[PDB]
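Novice: dropping in the first section of the assembly, placed as in the complex:
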Amino acid sequence: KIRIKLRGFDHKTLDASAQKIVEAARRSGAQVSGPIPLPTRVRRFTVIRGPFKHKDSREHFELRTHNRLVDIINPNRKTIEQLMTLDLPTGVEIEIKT
Amino acid sequence: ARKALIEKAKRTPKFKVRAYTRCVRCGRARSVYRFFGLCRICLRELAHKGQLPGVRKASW
Amino acid sequence: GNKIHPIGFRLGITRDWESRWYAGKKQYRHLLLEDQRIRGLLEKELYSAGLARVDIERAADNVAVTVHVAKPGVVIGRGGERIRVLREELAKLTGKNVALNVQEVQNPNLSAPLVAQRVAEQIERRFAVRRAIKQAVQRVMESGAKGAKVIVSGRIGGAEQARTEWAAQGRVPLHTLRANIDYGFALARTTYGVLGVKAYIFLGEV
Amino acid sequence: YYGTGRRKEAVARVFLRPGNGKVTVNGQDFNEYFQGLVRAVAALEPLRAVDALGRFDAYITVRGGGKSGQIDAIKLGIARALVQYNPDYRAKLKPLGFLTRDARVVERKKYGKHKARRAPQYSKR
């Protein structure tokens, strides 16, 4: 019952990263619940364009923290092999709690 | 920002209330976002060059 | 003034970030503070190197600064003595133990950031404002470029009334969110003032 | 017979079962979930359209939005399920336009403004 959470910033980076876990998990493991989206949490920033004083300016910035999940039930010592040190994404953070 | 107050606002005060923010970059004090710790001007500045990760330009 | 820094507008379709990774609410602002400290050295030391971009892939404890230099034979130094120094000078700051790859710049004429600088120095060398610009734009055209452009901030040749010199060729559809146009920015400091050079380089399409 | 009715950020789970003629929404009598609501009756219009009132039951659920919108939401749903029963029904439905869905969505508050339109008032220009 390996719970795999995938939090990131780029949705393609995670898609792949997430797919990479989907692939080598069915080859050595068993029955995977597939990759699931959350939600996704945004961090808006309402700043004034000009540095001087023009309230009516304002540029709008966001920051999307995408969340992906992949569940693996019936965790074998063989599954943990492919999914041991066979990663590649950089702007992706993973944490496991089983 | 006067050095006399950047480096100053950094040394621990005798009262915890006294401790305010400044922008790590510009030294501004008026409106820094905690999240990045940069002067609203500054935020934009880098936001643009692409130096703040995941930080894109909103559109809806 | 109008316009909007081209790059900042493209990150999304075509133009990745200068430092890509992930962070929490507790570490983001910190890490980042440190990030900026890095380039605070590189920009200082690797001036004459023909510095370009500063990719910063991070992960767990590991870190990786990749450095696009036009003239690697300098960053590296003799046999690997400066790349050695810089790594220690670097960790002197960050107690993270970090990698520093180096990648050569295939054609300094296509890298607008560099391009800008090119001018800059020229202007600091009391050169010819108008010419400098024309020249530069052609260099860019001849190699490849589907379009180039340059600008000057003001006080051309130390004049009393700041102006601005325009100059381009080929396309520069700043409005086409599918361009892939490099945009550089210099800053020649001079006896009479500060001037701002701005490059622009159209390249490719879809 | 399910159809799917969505309107102004509010979903409507529509179920038409051949019955006496009763609507249960989120577990309560249709007319109880909508007390004092004038346009309430509006939901059943697609039915009285083909003279099919009282022949079906309506097990309806709903989420999101406002009561004064969910109405329309059901209204559409019923319509969308009504094709499953008899596709040939369009002939009497679309003329009345029940298979349409409008982007009547609440427009985004632009900055510099007090709403989506309402600009601020200057006096001595």
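Specialist: Sure thing, it's come through. Residues are numbered from 1 along each chain as shown, chains lettered A, B, ... in the order given.
Novice: can I get the CA coordinates of stretch D:107-117 in PDB?
Specialist: Extracted as PDB, the C-alpha positions of stretch D:107-117 are listed here (Å, rounded to 0.1, in the frame of the first residue of the first chain):
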ATOM      1  CA  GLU D 107     -17.400  38.000 -15.400                       C
ATOM      2  CA  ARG D 108     -14.000  38.400 -13.800                       C
ATOM      3  CA  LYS D 109     -13.300  41.600 -11.700                       C
ATOM      4  CA  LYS D 110     -10.600  43.500 -13.600                       C
ATOM      5  CA  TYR D 111      -8.300  45.700 -11.500                       C
ATOM      6  CA  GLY D 112      -8.600  49.500 -11.500                       C
ATOM      7  CA  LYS D 113     -12.400  48.800 -11.400                       C
ATOM      8  CA  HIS D 114     -15.000  48.200  -8.700                       C
ATOM      9  CA  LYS D 115     -16.500  45.100 -10.500                       C
ATOM     10  CA  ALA D 116     -16.400  43.700 -14.000                       C
ATOM     11  CA  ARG D 117     -17.600  47.000 -15.500                       C
END
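Novice: residues from chain C in reach of chain A?
Specialist: Contact residues (Cβ under 8 Å from any Cβ of the partner chain) of chain C with chain A: C:20-22, C:57-59. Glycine gets a C-beta too; all of them are placed from N, C-alpha and C.
Novice: which among those gets closest to residue D:73?
Specialist: Closest approach to residue D:73 among those (Cβ to Cβ): residue C:22, at 39.6 Å.
Novice: nearest residue to the closest one other than its sequence neighbours?
Specialist: Take residue C:22 and drop its neighbours on the chain: the residue closest to it by Cβ to Cβ, 6 or more residues apart in numbering or on different chains is residue A:93, 4.3 Å away.
Novice: how about residue D:40?
Specialist: residue D:34 (4.2 Å).
Novice: repeat for residue C:181
Specialist: residue C:202 (5.0 Å).
Novice: quick one: residues contacting that neighbour.
Specialist: C:145-148, C:170-173, C:179-181 (Cβ atoms under 8 Å, 6 or more residues apart in numbering or on different chains).
Novice: just the buried ones out of those residues, please.
Specialist: With burial judged by 16 or more other Cβ atoms under 10 Å in any protein chain shown, the buried subset of these is C:145-148, C:171-172, C:179-181.
Novice: would you tell me which helix is longest in chain D?
Specialist: Counting by DSSP state H, the longest helix found in chain D is helix D:67-85.
Novice: which positions in whatever helix or strand comes next after that helix come out as buried?
Specialist: Using DSSP states H and E, the helix or strand that follows helix D:67-85 in sequence is helix D:90-93. Of the residues in helix D:90-93, residue D:93 count as buried by neighbour count, 16+ other Cβ under 10 Å.
Novice: while you're at it, add chain E from this line:
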Amino acid sequence: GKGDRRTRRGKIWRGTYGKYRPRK
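Specialist: Adding chain E to what we have so far:
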């Protein structure tokens, strides 16, 4: 009734709670 900080709306406005608007 919005300024009447001792009424229903009175509180709902200020978003405060009190003898007039409680916690259930």
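Novice: now do the longest helix of chain D: which elements does it pack against?
Specialist: For helix D:67-85, the packing partners by 3 or more Cβ pairs under 8 Å, 6 or more residues apart in numbering or on different chains; DSSP states H and E come out as strand D:5-6, strand D:10-13, strand D:16-17, strand D:57-64, helix D:90-93.
Novice: residue boundaries of the strands in chain A?
Specialist: Assigned by DSSP state E, chain A shows strands spanning A:2-8, A:32-36, A:40-41, A:45-47, A:59-63, A:65-72, A:92-97.
Novice: what about the residue nearest to residue D:42 when sequence neighbours are not counted, neighbour count?
Specialist: Nearest-residue entry for residue D:42: residue D:71, 5.1 Å, with adjacent residues in sequence omitted and distances by Cβ to Cβ, 6+ apart. Counted with other Cβ atoms under 10 Å in any protein chain shown, residues neighbouring residue D:71 total 22.
Novice: helix or strand for the residue in chain B that chain D sits nearest to, which one?
Specialist: Nearest to chain D in chain B, going by Cβ to the nearest Cβ, is residue B:60, at a distance of 6.3 Å. In this structure, residue B:60 sits in neither a helix nor a strand according to DSSP H and E.
Novice: that one: neighbour count?
Specialist: For residue B:60, the count of nearby residues is 6 (other Cβ under 10 Å).
Novice: hang on, it packs against residue D:110?
Specialist: No - with contacts counted by Cβ atoms under 8 Å, residue B:60 stays clear of residue D:110, the gap being 11.0 Å.
Novice: got a list of what residue D:102 touches?
Specialist: Counting by Cβ under 8 Å, 6+ apart, residue D:102 has no contacts.
Novice: from residue D:115, how far out is it?
Specialist: 20 Å (Cβ to Cβ, to the nearest Å).
Novice: same question, residue D:36
Specialist: Taking Cβ to Cβ, one finds residue D:36 at 29 Å from residue D:115.
Novice: excluding chain neighbours, what is closest to whichever residue of chain A sits closest to chain D?
Specialist: Residue of chain A nearest chain D, by Cβ to the nearest Cβ: residue A:56 (4.0 Å). Using Cβ to Cβ, 6+ apart and skipping the chain neighbours, the partner closest in space to residue A:56 is residue D:112 (4.0 Å).
Novice: for the one you found, what are its contacts?
Specialist: Contacts of residue D:112 by Cβ under 8 Å, 6+ apart are A:55-56, A:58, D:119-120.
Novice: quickly find the element holding it.
Specialist: Residue-wise, residue D:112 maps onto no helix or strand under DSSP H and E.
Novice: following sequence is chain F, place it on the structure:
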Amino acid sequence: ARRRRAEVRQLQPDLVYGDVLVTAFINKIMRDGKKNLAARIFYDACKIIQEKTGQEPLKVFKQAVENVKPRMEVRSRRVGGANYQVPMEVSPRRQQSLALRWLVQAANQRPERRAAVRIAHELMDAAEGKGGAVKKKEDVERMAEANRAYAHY
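Specialist: Adding chain F to what we have so far:
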């Protein structure tokens, strides 16, 4: 409207009676979009007509409207460095709109307490050719052919 005449919004007939005229009137009572409230007003004002008059309110309503529609009106005009009131034949569209409106503006000026009531009475005194609804009608016309000295523009 500069480019076109702009299309006229089409309404949904009443759920009760089914006349769009109804829906139009209600819209006019409704303030702050509390259309659920204004709905009631009309209905309970109808019920008052049933108890107070041996007639179908649906009919009463139309005939009341029918009677306040001014067929003549003024529209100021600057010719000669002056304001010349030019009387003019009002179009169909503008009548119906002026009626409903005045019915209302007048109603809320009644000495009566309850809103629905005010409508009720205004709806009757209207069809009887009096009140103020019709007065705000006869007055405009009492300007129409009052300054008919100018119907040559």
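Novice: list of residues touching the longest helix of chain D?
Specialist: In contact with helix D:67-85 (Cβ under 8 Å, 6+ apart) are residues D:1-8, D:10-16, D:25, D:34, D:37, D:39-40, D:42-47, D:50, D:52, D:58, D:60, D:62, D:65, D:89-90, D:93, D:98-99, D:101, F:36.
Novice: how near is the residue lying closest to residue A:82 once chain neighbours are set aside to chain C?
Specialist: Leaving aside its sequence neighbours, residue A:82 sits nearest to residue A:24 (Cβ to Cβ, 6+ apart; 3.6 Å). Counting by Cβ to the nearest Cβ, to the nearest Å, the gap from residue A:24 to chain C is 20 Å.
Novice: how about the residues of chain B that lie near chain A?
Specialist: Counting by Cβ under 8 Å from any Cβ, chain B sits next to chain A at B:33, B:35, B:40-41, B:43-44, B:47, B:53-59.
Novice: would you list those residues in JSON lines and tack on distance to residue F:6, secondary structure and neighbour count?
Specialist: Listed next are the residues of chain B next to chain A as JSON lines, based on distance: Cβ to Cβ, whole Å; DSSP: H, G, I helix; E, B strand; the rest coil; neighbours: other Cβ atoms under 10 Å in any protein chain shown:
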{"residue": "B:33", "distance to residue F:6": "46", "secondary structure": "strand", "neighbour count": "17"}
{"residue": "B:35", "distance to residue F:6": "48", "secondary structure": "coil", "neighbour count": "15"}
{"residue": "B:40", "distance to residue F:6": "43", "secondary structure": "helix", "neighbour count": "21"}
{"residue": "B:41", "distance to residue F:6": "45", "secondary structure": "helix", "neighbour count": "19"}
{"residue": "B:43", "distance to residue F:6": "44", "secondary structure": "helix", "neighbour count": "24"}
{"residue": "B:44", "distance to residue F:6": "42", "secondary structure": "helix", "neighbour count": "21"}
{"residue": "B:47", "distance to residue F:6": "43", "secondary structure": "helix", "neighbour count": "23"}
{"residue": "B:53", "distance to residue F:6": "49", "secondary structure": "coil", "neighbour count": "23"}
{"residue": "B:54", "distance to residue F:6": "46", "secondary structure": "coil", "neighbour count": "21"}
{"residue": "B:55", "distance to residue F:6": "44", "secondary structure": "strand", "neighbour count": "22"}
{"residue": "B:56", "distance to residue F:6": "40", "secondary structure": "strand", "neighbour count": "19"}
{"residue": "B:57", "distance to residue F:6": "36", "secondary structure": "strand", "neighbour count": "17"}
{"residue": "B:58", "distance to residue F:6": "34", "secondary structure": "coil", "neighbour count": "15"}
{"residue": "B:59", "distance to residue F:6": "31", "secondary structure": "coil", "neighbour count": "7"}
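Novice: understood, closing this out.
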